[PDB]
Amino acid sequence: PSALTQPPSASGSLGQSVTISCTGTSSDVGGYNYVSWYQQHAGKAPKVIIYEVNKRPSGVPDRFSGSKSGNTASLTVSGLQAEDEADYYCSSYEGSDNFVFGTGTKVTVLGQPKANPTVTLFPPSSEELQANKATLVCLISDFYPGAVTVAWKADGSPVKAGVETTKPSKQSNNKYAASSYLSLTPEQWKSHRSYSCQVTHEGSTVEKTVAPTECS
Amino acid sequence: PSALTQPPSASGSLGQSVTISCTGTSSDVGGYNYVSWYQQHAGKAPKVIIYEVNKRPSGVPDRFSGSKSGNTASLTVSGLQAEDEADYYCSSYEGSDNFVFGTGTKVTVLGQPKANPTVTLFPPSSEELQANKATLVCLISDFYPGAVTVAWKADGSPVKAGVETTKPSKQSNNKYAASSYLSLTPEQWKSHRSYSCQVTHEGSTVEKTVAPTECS
Amino acid sequence: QXXX
């Protein structure tokens with residue numbers, strides 16, 4: 001197991017070529033080849049489109065191609081069509097029960113200008129600290145395509161624990177909102193210098209940072 | 001061409017069991033011991049919970065069960081866990097390097113307990129204020145089932161302006177999170193006594209307030 | 001999983 005690093009969104013104007021990456025960690029996508037790509041049309045099931053790094057299955061179209069330099073595999077759609085909108089997924093068959101899957105990439109044919117998110121990070125309020133609770137929130141809004149990667153960092157070091165992130169929910173302005181949160185012990189809150197909400201969206205990652213003070 | 005035949009929906013009572021069948025052909029499910037069952041939770045990545053008919057990956061649920069008959073493979077989830085709510089797809093080898101996929105099941109866990117939402121209201125961040133913006137977040141977390149009504153107030157009067165509310169998304173504890181945000185000028189914020197977030201759920205209404213009464 |  002693990003997850004293989006894919007990019008959040010991967011969008012093109014009807015016509016261009018687009019490259020999706022899957023960057024693995026030695027073990028699985030790292031010098032070893034059962035690297036396969038699946039297409040996940042909105043609501044239907046996966047269709048494998050490229051087996052074994054560059055080979056494609058019966059009935060897949062030539063404009064799809066695969067490649068793998070070292071720790072990264074690639075798929076390239078050359079001649080982006082409407083029906084190329086789907087999510088793509090990579091994976092690696094190690095040598096056993098646990099074949100690893102990648103993160104997913106929303107390929108989007110662009111219908112408006114691209115929007116890079118407005119990341120806003122909020123500290124645990126004083127009232128909440130009152131009740132002896134602490135929740136941080138990372139508001140991610142006004143972005144398009146509607147797919148991002150959130151990530152957390154406690155005092156520099158990445159954080160897995162108290163975290164949840166919502167699906168992109170298209171606002172009234174058809175740009176998207178999403179949010180992520182970290183709940184903790186107040187002492188946990190005081191056990192660190194700083195916290196970061198770090199978001200990946202196409203070309204730009206943005207990492208925002210909070211810190212504990214002592215207002216009341 | 002065609003696919004593998006699965007049922008939409010297959011809900012067990014919590015604690016009991018659910019079986020998902022996958023019916024195919026003499027050429028696929030009916031001709032090889034390569035039947036693969038996948039999970040894939042709402043919005044996350046597909047996960048192999050069963051390879052080769054009846055083989056689990058190492059740390060897979062000890063009572064995820066695989067069984068071929070003829071052209072029919074069967075996954076038995078025993079000990080219906082809430083976290084089992086997901087889509088389930090089957091797949092089969094299908095001659096000369098192909099691999100066909102099942103239509104996909106939605107599995108539900110009948111009898112999950114209701115949970116009224118935690119409502120965390122956050123005021124204009126310190127920082128953001130420097131940058132001359134104000135954004136309130138209303139975090140609606142840990143509710144079940146997946147429906148809420150957020151309405152905001154300014155001194156007990158509806159605000160239809162600059163509020164935006166994410167659809168709810170399941171969290172790792174299969175309850176839901178969601179957010180509502182209100183964009184204001186520091187003028188607005190500092191000129192209105194209290195903003196309220198009113199989260200209505202299952203006939204219950206919890207309302208949180210916030211005042212420009214934060215040291216600074 | 002290859003499998004295959």
# chains A, B, ... in the order shown; residues from 1 in each chain; ligands from 1
>>> residues_around(residues="residue 4 of chain C", least_positions_apart="3", cutoff="12 Å", atoms="only C-alpha atoms", output="ChimeraX atom specification")
/A:34,51-52,93 /B:32-36,51-52,92-99 /C:1
>>> write_last_selection(atoms="N, CA, C and O atoms", output="compact mmCIF listing (two decimals), in the first residue's frame")
# COMPACT_ATOMS: atom_id res chain seq x y z
N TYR A 34 4.50 -2.78 -13.22
CA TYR A 34 3.06 -3.05 -13.47
C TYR A 34 2.23 -1.78 -13.28
O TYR A 34 1.27 -1.72 -12.48
N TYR A 51 -2.16 -0.73 -19.92
CA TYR A 51 -1.52 -1.76 -19.11
C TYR A 51 -0.03 -1.79 -19.45
O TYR A 51 0.41 -1.56 -20.60
N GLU A 52 0.74 -2.04 -18.40
CA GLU A 52 2.20 -2.16 -18.50
C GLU A 52 2.80 -0.96 -19.18
O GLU A 52 3.09 -0.90 -20.37
N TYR A 93 1.47 -3.02 -9.53
CA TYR A 93 1.38 -4.37 -8.94
C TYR A 93 2.77 -4.78 -8.47
O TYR A 93 3.58 -5.24 -9.28
N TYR B 32 -11.63 -18.26 -15.64
CA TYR B 32 -10.35 -17.98 -14.98
C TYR B 32 -10.58 -17.72 -13.48
O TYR B 32 -11.69 -17.32 -13.08
N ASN B 33 -9.51 -17.87 -12.71
CA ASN B 33 -9.58 -17.63 -11.25
C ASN B 33 -8.94 -16.29 -10.92
O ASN B 33 -8.21 -16.12 -9.94
N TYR B 34 -9.21 -15.34 -11.77
CA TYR B 34 -8.77 -13.94 -11.71
C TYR B 34 -10.06 -13.11 -11.69
O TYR B 34 -10.68 -12.81 -12.72
N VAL B 35 -10.55 -12.97 -10.47
CA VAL B 35 -11.73 -12.15 -10.17
C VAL B 35 -11.24 -11.23 -9.02
O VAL B 35 -10.68 -11.70 -8.03
N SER B 36 -11.41 -9.96 -9.36
CA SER B 36 -10.89 -8.90 -8.48
C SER B 36 -12.07 -8.04 -8.03
O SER B 36 -12.93 -7.65 -8.83
N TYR B 51 -8.18 -10.01 -4.60
CA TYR B 51 -7.59 -10.48 -5.87
C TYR B 51 -7.79 -12.00 -5.96
O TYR B 51 -8.11 -12.64 -4.95
N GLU B 52 -7.63 -12.50 -7.16
CA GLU B 52 -7.69 -13.93 -7.45
C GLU B 52 -8.77 -14.66 -6.67
O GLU B 52 -8.51 -15.59 -5.88
N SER B 92 -12.51 -9.00 -14.19
CA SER B 92 -12.07 -10.34 -14.63
C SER B 92 -11.06 -10.24 -15.76
O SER B 92 -11.26 -9.35 -16.62
N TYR B 93 -10.04 -11.11 -15.79
CA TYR B 93 -9.31 -11.33 -17.07
C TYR B 93 -10.38 -11.72 -18.12
O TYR B 93 -11.45 -12.20 -17.77
N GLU B 94 -9.98 -11.59 -19.36
CA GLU B 94 -10.96 -11.72 -20.49
C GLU B 94 -10.08 -11.83 -21.72
O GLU B 94 -9.85 -10.90 -22.50
N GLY B 95 -9.45 -13.01 -21.79
CA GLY B 95 -8.55 -13.41 -22.85
C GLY B 95 -7.39 -12.44 -23.05
O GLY B 95 -7.14 -11.50 -22.27
N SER B 96 -6.68 -12.68 -24.14
CA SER B 96 -5.50 -11.94 -24.55
C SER B 96 -5.39 -10.55 -23.95
O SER B 96 -5.87 -9.56 -24.51
N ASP B 97 -4.76 -10.49 -22.80
CA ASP B 97 -4.51 -9.31 -22.00
C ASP B 97 -5.65 -8.33 -21.78
O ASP B 97 -5.31 -7.11 -21.58
N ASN B 98 -6.92 -8.71 -21.79
CA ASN B 98 -7.97 -7.72 -21.43
C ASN B 98 -8.34 -7.93 -19.95
O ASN B 98 -7.73 -8.74 -19.25
N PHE B 99 -9.35 -7.20 -19.53
CA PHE B 99 -9.73 -7.08 -18.11
C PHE B 99 -11.07 -6.30 -18.12
O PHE B 99 -10.99 -5.09 -18.40
N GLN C 1 -4.17 -5.71 -10.75
CA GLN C 1 -2.96 -6.23 -10.18
C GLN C 1 -2.17 -7.08 -11.19
O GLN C 1 -1.70 -8.18 -10.81
>>> residues_around(residues="segment 80-86 of chain B", least_positions_apart="2", cutoff="8 Å", atoms="only C-alpha atoms", output="PyMOL selection string")
chain B and resi 12-18+39-42+77-78+88+106-109+112+172-174
>>> select_by_dssp(residues="segment 122-216 of chain A", states="strand (DSSP E)", output="VMD selection string")
chain A and resid 122 134 to 143 152 to 154 157 to 158 163 to 165 169 to 170 176 to 184 195 to 201 204 to 210
>>> closest_residue(among="A:69, A:2, A:23, A:185", to="residue 128 of chain A", atoms="only C-alpha atoms")
A:185
>>> select_by_dssp(residues="segment 20-157 of chain B", states="alpha helix (DSSP H)", output="list in words")
residues 126, 127, 128, 129 and 130 of chain B
>>> closest_atom_pairs(of="chain A", to="chain B", cutoff="9 Å", atoms="only C-alpha atoms", output="CSV")
residue,atom,partner,partner_atom,distance
A:3,CA,B:45,CA,8.7
A:44,CA,B:103,CA,7.2
A:45,CA,B:103,CA,6.2
A:46,CA,B:101,CA,6.9
A:47,CA,B:101,CA,6.9
A:48,CA,B:99,CA,7.5
A:51,CA,B:97,CA,8.6
A:57,CA,B:98,CA,6.2
A:58,CA,B:98,CA,6.9
A:59,CA,B:1,CA,8.8
A:89,CA,B:45,CA,7.9
A:96,CA,B:57,CA,7.7
A:97,CA,B:57,CA,4.1
A:98,CA,B:57,CA,5.1
A:99,CA,B:48,CA,7.3
A:100,CA,B:47,CA,8.0
A:101,CA,B:47,CA,6.9
A:102,CA,B:45,CA,7.1
A:103,CA,B:45,CA,6.1
A:104,CA,B:45,CA,6.7
A:120,CA,B:128,CA,7.7
A:121,CA,B:125,CA,7.6
A:122,CA,B:125,CA,5.8
A:123,CA,B:125,CA,7.2
A:124,CA,B:122,CA,7.7
A:125,CA,B:122,CA,6.5
A:126,CA,B:214,CA,8.1
A:128,CA,B:120,CA,7.9
A:135,CA,B:120,CA,8.0
A:137,CA,B:139,CA,7.9
A:139,CA,B:137,CA,7.7
A:164,CA,B:171,CA,6.3
A:165,CA,B:171,CA,7.8
A:166,CA,B:169,CA,5.5
A:167,CA,B:169,CA,6.3
A:168,CA,B:166,CA,7.8
A:169,CA,B:166,CA,5.2
A:170,CA,B:166,CA,7.6
A:171,CA,B:164,CA,6.3
A:172,CA,B:164,CA,7.4
A:176,CA,B:166,CA,8.8
A:177,CA,B:166,CA,6.5
A:178,CA,B:166,CA,6.9
A:179,CA,B:179,CA,7.1
A:181,CA,B:139,CA,8.9
A:215,CA,B:215,CA,6.1
A:216,CA,B:215,CA,7.8
>>> atom_distance(atom1="atom CA of residue 131 of chain A", atom2="atom CA of residue 115 of chain B")
19.8 Å
>>> atom_distance(atom1="atom CA of residue 19 of chain B", atom2="atom CA of residue 113 of chain B")
22.4 Å
>>> atom_distance(atom1="atom CA of residue 150 of chain B", atom2="atom CA of residue 201 of chain B")
9.0 Å
>>> residues_around(residues="segment 187-190 of chain A", least_positions_apart="4", cutoff="9 Å", atoms="only C-alpha atoms", output="ChimeraX atom specification")
/A:124,134,194-195,211-213
